[PDB]
């Protein structure tokens, strides 16, 4: 199941002068929402999608209309009524809402964000031989979530960090978990950490893998090329995408 947490707020875009939430902005004939979800076009007929939105800007209606139009055959919308502390909480609340709708899903979940485009995405082979994996690229700077490799020739991940550059393998924002239950258990452990371990209040997805790795689960990374991912999460990137 492809899960897209999109309950956040477009604050940088608001300041930049846009009055619509970022995912409704248009570029080259379609909304950023469409550009991002189309990454998974190969799975529209076979895989369920869970869109987790907020009760603002009539987003639930927008998503339902766009998803139907894209031809996504099975999708669910979880509408949240309060802001969350971050994507990890959004995902957890969305999965809880899905269950409240009567849907009993126990399979894998692939978390992705609406700020990223991954044209022609196809699941890598490692997704069939691991408990979870983080898609990564060779990135510049320190403002990414990082995955630390065990050693050359192995795609095993021994640690992840959201702001600490423990490696040069940066997350593309695609986080896969073979079992929904493992995601929820890692989340539960993460929010229950003794207070001394908290460095911030935001709840991001990447750190959750440390809970799984500690429990001995088999977590890997999958390296993609820089040209296979397009980021459109800040105003300047949207402007750049508009020129492309």
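Numbering follows the first chain given and starts at 1.
The PDB entry reports B-factors from which the mean C-alpha value can be compared for 198-206 and 171-179; the larger average falls on 198-206. Comparing the deposited coordinates for 136-144 and 155-163, the stretch with the larger average C-alpha B-factor is 136-144.
If you compare the C-alpha temperature factors of 108, 82, 74, 127 in the entry, 82 comes out highest. Per the deposited coordinates, the residue with the largest Cα temperature factor out of 38, 47, 30, 59 is 30. When the modelled residues of the chain are ordered by C-alpha B-factor, residue 54 sits in the highest third. Ranked against the other modelled residues of its chain, the C-alpha B-factor of residue 42 as given in the entry falls in the highest third. Annotation for residue 219: C-alpha temperature factor in the lowest third relative to the rest of the modelled chain, per the entry. When the modelled residues of the chain are ordered by their C-alpha B factor, residue 94 lands in the lowest third. For residue 70, the recorded CA B-factor ranks within the highest third of the chain. Only modelled residues enter the ranking.
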